[PDB]
Amino acid sequence: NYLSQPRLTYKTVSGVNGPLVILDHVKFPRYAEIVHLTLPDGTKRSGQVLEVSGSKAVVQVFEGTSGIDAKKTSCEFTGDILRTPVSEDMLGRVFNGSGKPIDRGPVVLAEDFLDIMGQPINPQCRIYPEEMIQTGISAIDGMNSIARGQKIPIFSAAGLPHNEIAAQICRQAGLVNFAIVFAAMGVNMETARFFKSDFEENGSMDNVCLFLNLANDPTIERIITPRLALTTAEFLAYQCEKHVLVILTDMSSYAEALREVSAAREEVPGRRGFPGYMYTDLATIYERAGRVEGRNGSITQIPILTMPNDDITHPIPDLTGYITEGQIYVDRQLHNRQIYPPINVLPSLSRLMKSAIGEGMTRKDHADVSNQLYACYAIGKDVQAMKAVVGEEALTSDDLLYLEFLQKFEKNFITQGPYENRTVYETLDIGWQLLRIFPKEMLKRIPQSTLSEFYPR
Amino acid sequence: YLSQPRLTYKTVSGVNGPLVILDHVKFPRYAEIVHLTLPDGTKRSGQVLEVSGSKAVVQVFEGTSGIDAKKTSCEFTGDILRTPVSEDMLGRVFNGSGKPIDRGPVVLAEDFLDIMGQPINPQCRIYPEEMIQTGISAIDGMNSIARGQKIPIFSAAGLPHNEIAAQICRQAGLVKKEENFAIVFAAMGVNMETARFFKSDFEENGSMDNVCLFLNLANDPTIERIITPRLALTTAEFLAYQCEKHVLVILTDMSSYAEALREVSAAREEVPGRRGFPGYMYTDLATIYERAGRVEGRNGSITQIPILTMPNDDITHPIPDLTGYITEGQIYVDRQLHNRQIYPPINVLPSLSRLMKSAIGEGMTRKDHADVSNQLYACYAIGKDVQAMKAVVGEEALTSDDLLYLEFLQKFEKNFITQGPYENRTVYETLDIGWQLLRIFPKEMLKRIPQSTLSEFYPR
Amino acid sequence: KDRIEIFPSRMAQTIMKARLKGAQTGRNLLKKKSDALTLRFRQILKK
Amino acid sequence: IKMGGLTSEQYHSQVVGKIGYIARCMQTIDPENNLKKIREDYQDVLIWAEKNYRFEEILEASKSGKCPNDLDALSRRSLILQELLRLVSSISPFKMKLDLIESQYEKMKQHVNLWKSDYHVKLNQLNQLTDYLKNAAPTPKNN
Amino acid sequence: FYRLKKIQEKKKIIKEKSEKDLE
Amino acid sequence: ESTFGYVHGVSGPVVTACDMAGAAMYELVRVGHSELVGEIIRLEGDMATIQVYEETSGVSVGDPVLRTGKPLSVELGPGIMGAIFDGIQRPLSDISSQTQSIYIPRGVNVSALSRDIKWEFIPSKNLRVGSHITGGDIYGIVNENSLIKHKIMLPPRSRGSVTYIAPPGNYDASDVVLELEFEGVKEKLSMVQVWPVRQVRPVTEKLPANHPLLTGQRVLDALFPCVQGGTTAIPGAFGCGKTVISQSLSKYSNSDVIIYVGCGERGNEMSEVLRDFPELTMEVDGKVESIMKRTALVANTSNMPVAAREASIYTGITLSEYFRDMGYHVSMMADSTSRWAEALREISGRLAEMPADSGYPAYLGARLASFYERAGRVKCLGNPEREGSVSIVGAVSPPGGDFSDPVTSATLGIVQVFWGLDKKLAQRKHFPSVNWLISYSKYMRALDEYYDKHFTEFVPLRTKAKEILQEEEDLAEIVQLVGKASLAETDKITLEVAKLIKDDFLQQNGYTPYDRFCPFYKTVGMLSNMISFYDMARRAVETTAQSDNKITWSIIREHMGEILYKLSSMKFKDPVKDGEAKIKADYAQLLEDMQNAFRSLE
Ligand SMILES: Nc1ncnc2c1ncn2[C@@H]1O[C@H](COP(=O)(O)OP(=O)(O)O)[C@@H](O)[C@H]1O
């Protein structure tokens, strides 16, 4: 039933501190209910109740507390949590951080209201994602393959072409209808236009929804921006059977809003001063993915994050690492050499590749090829590190073949055009024509049956 | 005499981790003990950590789960925590609170003693002098333990400090040219396999008729571990200073004790020292460790060998750090030597014994002992340096002398340190092995030994 | 493997700064050794 | 108190348990009352079950030290009688001469650790094979 | 910094409560 | 007195409640009109603070808070096996059935066991009216599964004499199956008992551990063995393989039942288990059967409410102790104790308690200590004698991938086995990624008696394996400064057999049909051949380097390249296609081929 009871409105602001405003005399505060604030000048803001205690409600104000006042500020308590109007009508539209429209279209008519927090998908109803998506990118489809409904982030150093990679996935991704949710947090306008323009250049724009929060929009709205995106993705996938892909852009600029809120609340700090709940907060984003029984929908997530000081062990990538189905890494050591897309296969993995490949999904050889490509690429890096100290005169002929493998591999397997789509089969054949650099017996990861069917060609 | 009846309160105004907050209390004492009776009628002891007017903060030994802010009948004793003691505590096992865990009755007291002990007057401390052969060359030769010394075994997690301590408990005794130790053992927070290992070893060696084990297993409540070492030391002081026994006190893991002070200190909102331990950790550890050594007019003497799980393998962690300031050296057990299969893994270099120089010389030992130890120690140190050089500058850059220090290092670990679990080597046999290793170098290289001592013991 | 694992402390910062100066000094000394030998070697080649 | 981590009440309750079970086992293998050397080595426990005492009365007698009350000794004593009960149960159509039981009892009583013994392994193998055939359907394998 | 911040807040709470107790 | 108080305040997973005078600490309490489930963490007057095992968003001040007297507790009985439960014991299959939802609703109260199922009960026949009975006595079997006979037993707190016992027949969780009397007071029981998860289920004794916890992985079972009744940790960074070890133990081990505990884990893990385990099969007595019949899952996915991670871990061990008391050799996958410690960080943060290292509460070390030490091999309670065991394996997940982590630092002080995973191996896709330098097992001294009895050759091989694998790293620190030309022939042989043992023994691709599992006979056969090559190659050099006719590693490789290729090929032998005698015969032929080749070099 609808909430029929008339809304209260309080002037009883009794403190303000950082992004918090503390009400008093509140009649039965509800934890996590939303409050609208009117400032003395008639400006409207919104905020969530973070704590309640007897008559007190601690409200965090999304649009910042600057201009909140202890006498004239009016808080309309809405009486419920942060619901969002959702509809399939949100495809082909663009929204601000808090889900207000910015494409000059009207306010969304709700086909329903959903709780922004979503719900924990029941582990019994969840279906283990296995139907492969070809992204078209050899460094993915060959060695890091993505299942329909996987969650797998793209990690990057700063300034790397990770935007162009995500754009290419949103230009080439498909199975062996489809729709995209896109969200960006703390993005610069010089990149917001790139994403919006790319969905026009790909012709895709009619099947995609962009939630944009820019670096000069309010930082606390970034907390809800990816949650709005996921709530829309749940409506499209689980209510409407759409094969949804969710792009979350700079989870780092989201994580910085967590660190800010944490410091402002005085929460117990984990590594680098992120809140203790950092893992759970990231899970509350990243777990809304994968198929569920009876529903043909399948939320896939490709978060993107700039790793601070390029450090893989930083809390943002590292906690994301524990949650996601493996990770795709983009590297300066490739990008400086103009090797687009600069995806370094070696540190990458996909947890679901194990079941997304082989007969009925991909050619029989694929799993064996992937492992042997890791083996040779890795040994190539090891002999390169040897050559950099002791010179090529210390290397055996086989060690020089592993060095040549790494060179030929990066120039052919990883190197691909920004608009070039390669099938998995073409990627595997490039894999084999590189593996043929060694004698058949040297391919120690591959069984003799696979070698007899696929090595000689 | 307690001629006045005990009060009892149902005024538990809060319960907060290991803390129970009484109120309306009449004239409480600091460090007084209470018997909490739960809703189900079960008994838990506690001790008052703070008082202010009507309010008293009780620490609860058996843990706080089930305590109730209306039903909990809390009975004050009127007095501080005095343990019963008697000689009948030898040949037995007790929990950390001091109750029996064998089939036998409660302790029939010959007296009651405050578990804090009482400060021994510095004037009355007779200085330690008799060296104990532990039977392990690395702590009979290059280091030694005086009867009355405080010398702990520092060890990282997973190392064989249990096997060292039990090997000492089997082997250890005075130098030969009724007398054996009563071993008081306290386990704090031990894993079951450790509990079994000691509990079995004392019985399997047949020496059980003269030992007393306080056990606190890891699954026993945290706060009991605060009492456990002080309780054991109070048994040790009774047996030694009132009954003339030579007592050996083994504390199995002072880290699981320090963590118990951390847990209650954190719950008290106390200002922390480094790593969040209470700032009073030093004085607290001192009231445990300093309770050792012979006293005026007694024959009796307590030797302490506390054992200490170095957290994260770090010698500079506050628990071993503060311990090193209080204890008269340390014995250091090393991951590196353990990985090399060197049992016991005693790294002789950071190992130190402040009293050792006074425990050695003619009539105490063979007269060479001091000189041999200093030379061997410096040789092992130069050995580790040339071992690093073998990588940094290469084997081909080593001189014949550096190669002799490298040969010394290898042979020394293989023969000096490596004991086996039952070889009770004499001090004399250890110095013979010492010379057999020193014999590797030319006589003139042995710059730490006087030429008289060399002329007597190098040409052997 | 990747790091020396001296335990984080102002001690370790002191020792590692001294190790860095030692290693950079050792690099430059052995680089001077190499250059001196390289000059002699190039003279020997011409001779 | 506190033995093995049991409260006093639990410890005595386990003792009263072992007493009652030893008596059941003896009554099961020897309704004839003819395994007399075996029976004598349990008369001190069996008497409290042969008499119609209430549970808590045997408990209070154990607390008073009147009943046998070493739970470990009662466990070894119980095990010896149990493994003979397993033997007898495994061969019900063939129950052997009573002195062969008292002979095998002596061999078990002499053992340093019966629980580790090949005797217990042989009994486990018999129970596995037997319990399967009590339930398995007619097939060449099962015949 | 965090442990000292919490100690300082606990002291501020205790001061406020101690002044309320003057009534 | 009131049965309920009222919510005085809320902050994330913490709810304060007024009018709670006479509450007990760690009492289980319902919160809110929707009846959220929680547990009292602190008392502060006539007022209580409750940790809530569901998300509190939506709770209001002045909502009812309903006491229950009971502490957090689990229903134990028939119908546990094959099920999946959340951290507060709700059976997810029945939630799915009753709600038809994709998600678990807030406020669900579904019974922990399916009280409608009539199970087949077989009373012990030994019991009768008037017989004496005590906690841990098996009053009857229930034929729950073709594998696991459920052995119902008197609750450990209970004792008395049999007033009534049910005849053989079909009964459920509400049907009275047994009735006792004690001190003139009667006590009825159904087949379901209830136990406080925070209280250890007691035992007659905890014995030493002395039978290997057989695991599919070569490197684990050979070089760092776990033992039935022993603890273990698998600290590893993200993507290191610790979860696949945890799967592999569950899929393939000599454990009689497995409790798997998905504490704060990614949701697809539970789906993968529920996808794979009904389809994978073991065999008993000539009947092939689905391994799910020997498992249960406790799940609490990473996005489920933080507090429930604590209840999940305690549920997983309390279930494990229940099956231990039946005499099963239980195993229990604590699938991340760091994500558990992070839940203790959260509650501590809300309580404003003083943190130890990295924000963790000071009692973290004490909670972990009193958890892993619930393992053991035990003389069960009660009369029919059983030797059950719990083996606990904890997938610690160190923040930043660094073992200076406080969870690791505590865990290593408790566990008797360390399987430290290396991210650099996982990057190379070397798996399982066990670092053989830092890993250790304390159980070797106990297990050596089993190896002496069944595998007398093994202890020499295990020793030579560990030594070669250390000598590799000793050589590497030299080679990286001068180059491989510095190596003696003994050192080249060392590095080569280390490469065999690394790439063909320690490496194991556990999803493939051939690396799926590895019997001990296959494992020792592989290692025996590799070390036989080491000793023979070393002997050949030592025999001939005394002369100008010196054998070298290159001479061996050029004469014996096929033998190196055969040695590498050993891993591909498949237990489904090849019998133990067939694999052993192939390995004997490799030993003979090596011997005849070396006899031609010498
Ligand atoms: N034993 C293995 N055999 C083959 N591949 C493995 C193995 N261990 C790890 N990998 C691959 O790496 C992935 C990451 O390891 P996993 O245990 O699943 O993640 P995590 O370490 O975070 O818990 C595995 O799911 C699998 O795809």
# chains A, B, ... in the order shown; residues from 1 in each chain; ligands from 1
$ residues_near_ligand --ligand "ligand 1" --cutoff "8 Å" --atoms "only C-alpha atoms and all ligand atoms" --output "PyMOL selection string"
(chain A and resi 321-323+325-326+349-354) or (chain F and resi 236-246+395+426+429-433+508-511)
$ residues_around --residues "region 12-23 of chain F" --least-positions-apart "4" --cutoff "6 Å" --atoms "only C-alpha atoms" --output "PyMOL selection string"
(chain B and resi 68-70) or (chain F and resi 5-8+46-52)
$ write_last_selection --atoms "N, CA and C atoms" --output "tab-separated table (two decimals), in the first residue's frame"
chain	number	residue	atom	x	y	z
B	68	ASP	N	23.35	-10.70	33.31
B	68	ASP	CA	22.05	-10.08	33.19
B	68	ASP	C	21.93	-8.89	34.13
B	69	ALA	N	21.53	-7.73	33.62
B	69	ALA	CA	21.51	-6.47	34.36
B	69	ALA	C	20.47	-6.35	35.49
B	70	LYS	N	19.71	-7.40	35.79
B	70	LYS	CA	18.74	-7.45	36.90
B	70	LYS	C	18.89	-8.69	37.76
F	5	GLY	N	11.19	-4.79	24.79
F	5	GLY	CA	11.58	-3.39	24.92
F	5	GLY	C	11.33	-2.65	23.61
F	6	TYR	N	11.99	-1.51	23.43
F	6	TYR	CA	11.76	-0.63	22.30
F	6	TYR	C	13.08	-0.10	21.75
F	7	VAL	N	13.23	0.04	20.43
F	7	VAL	CA	14.45	0.57	19.81
F	7	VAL	C	14.70	2.00	20.26
F	8	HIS	N	15.73	2.22	21.05
F	8	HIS	CA	16.14	3.55	21.48
F	8	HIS	C	16.94	4.27	20.41
F	46	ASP	N	19.30	-0.02	32.24
F	46	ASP	CA	18.03	-0.66	31.84
F	46	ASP	C	17.89	-0.73	30.31
F	47	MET	N	19.01	-0.81	29.61
F	47	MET	CA	19.16	-0.55	28.19
F	47	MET	C	20.24	-1.44	27.61
F	48	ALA	N	20.07	-1.83	26.36
F	48	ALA	CA	20.87	-2.84	25.71
F	48	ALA	C	21.33	-2.38	24.35
F	49	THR	N	22.42	-2.93	23.86
F	49	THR	CA	22.88	-2.70	22.49
F	49	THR	C	22.91	-4.01	21.76
F	50	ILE	N	22.26	-4.11	20.62
F	50	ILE	CA	22.02	-5.34	19.88
F	50	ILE	C	22.73	-5.24	18.55
F	51	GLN	N	23.58	-6.21	18.26
F	51	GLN	CA	24.11	-6.44	16.93
F	51	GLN	C	23.00	-7.07	16.11
F	52	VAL	N	22.65	-6.56	14.94
F	52	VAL	CA	21.51	-7.09	14.17
F	52	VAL	C	21.97	-7.87	12.96
$ closest_atom_pairs --of "chain B" --to "chain F" --cutoff "9 Å" --atoms "only C-alpha atoms" --output "tab-separated table"
residue	atom	partner	partner_atom	distance
B:12	CA	F:45	CA	7.8
B:13	CA	F:45	CA	4.7
B:14	CA	F:44	CA	4.2
B:15	CA	F:43	CA	4.8
B:16	CA	F:42	CA	5.2
B:17	CA	F:42	CA	7.0
B:21	CA	F:44	CA	8.7
B:39	CA	F:24	CA	8.7
B:64	CA	F:25	CA	7.4
B:65	CA	F:25	CA	5.6
B:66	CA	F:25	CA	5.2
B:67	CA	F:24	CA	5.4
B:68	CA	F:24	CA	4.2
B:69	CA	F:22	CA	5.1
B:70	CA	F:22	CA	4.5
B:71	CA	F:22	CA	6.4
B:72	CA	F:22	CA	8.8
B:156	CA	F:413	CA	8.3
B:157	CA	F:413	CA	4.9
B:158	CA	F:413	CA	6.8
B:189	CA	F:369	CA	7.8
B:190	CA	F:414	CA	8.2
B:191	CA	F:414	CA	6.4
B:192	CA	F:373	CA	7.0
B:193	CA	F:208	CA	7.0
B:196	CA	F:208	CA	7.8
B:217	CA	F:370	CA	8.6
B:218	CA	F:370	CA	5.5
B:219	CA	F:370	CA	4.1
B:220	CA	F:370	CA	7.4
B:221	CA	F:366	CA	8.3
B:222	CA	F:366	CA	6.6
B:256	CA	F:366	CA	8.5
B:259	CA	F:362	CA	7.2
B:260	CA	F:363	CA	8.1
B:262	CA	F:362	CA	6.1
B:263	CA	F:362	CA	4.8
B:264	CA	F:362	CA	8.3
B:265	CA	F:354	CA	8.6
B:266	CA	F:354	CA	5.0
B:267	CA	F:353	CA	6.4
B:268	CA	F:354	CA	8.5
B:269	CA	F:354	CA	6.1
B:270	CA	F:354	CA	8.3
B:272	CA	F:354	CA	8.9
B:275	CA	F:357	CA	6.1
B:276	CA	F:356	CA	5.1
B:277	CA	F:356	CA	7.8
B:309	CA	F:413	CA	7.6
B:311	CA	F:409	CA	6.6
B:312	CA	F:409	CA	5.6
B:339	CA	F:437	CA	7.8
B:340	CA	F:467	CA	8.8
B:390	CA	F:478	CA	8.1
B:391	CA	F:478	CA	5.4
B:392	CA	F:481	CA	7.8
B:393	CA	F:481	CA	8.8
B:394	CA	F:478	CA	7.7
$ select_by_dssp --residues "region 141-195 of chain A" --states "helix (DSSP H, G or I)" --output "ChimeraX atom specification"
/A:141,162-172,189-195
$ write_last_selection --atoms "C-alpha atoms" --output "compact mmCIF listing (two decimals), in the first residue's frame"
# COMPACT_ATOMS: atom_id res chain seq x y z
CA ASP A 141 38.31 -13.37 -25.34
CA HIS A 162 40.79 2.56 -20.21
CA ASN A 163 37.91 4.75 -21.42
CA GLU A 164 38.63 3.71 -25.04
CA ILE A 165 38.71 0.04 -23.94
CA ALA A 166 35.34 0.32 -22.21
CA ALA A 167 33.98 2.15 -25.27
CA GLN A 168 35.24 -0.68 -27.51
CA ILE A 169 33.47 -3.25 -25.26
CA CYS A 170 30.31 -1.11 -25.67
CA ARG A 171 30.96 -1.32 -29.47
CA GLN A 172 31.81 -5.04 -29.92
CA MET A 189 33.51 16.82 -18.57
CA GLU A 190 36.23 16.21 -21.22
CA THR A 191 35.47 12.47 -20.64
CA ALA A 192 31.69 12.68 -20.06
CA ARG A 193 31.35 13.97 -23.65
CA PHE A 194 33.62 11.15 -24.86
CA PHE A 195 31.32 8.48 -23.36
$ residues_around --residues "residue 142 (chain F)" --least-positions-apart "2" --cutoff "7 Å" --atoms "only C-alpha atoms" --output "PyMOL selection string"
chain F and resi 119-122+140+144+149-151
$ interface_residues --of "chain C" --to "chain F" --cutoff "12 Å" --atoms "only C-alpha atoms" --output "list in words"
residues 1, 2, 3, 5, 6, 7 and 8 of chain C
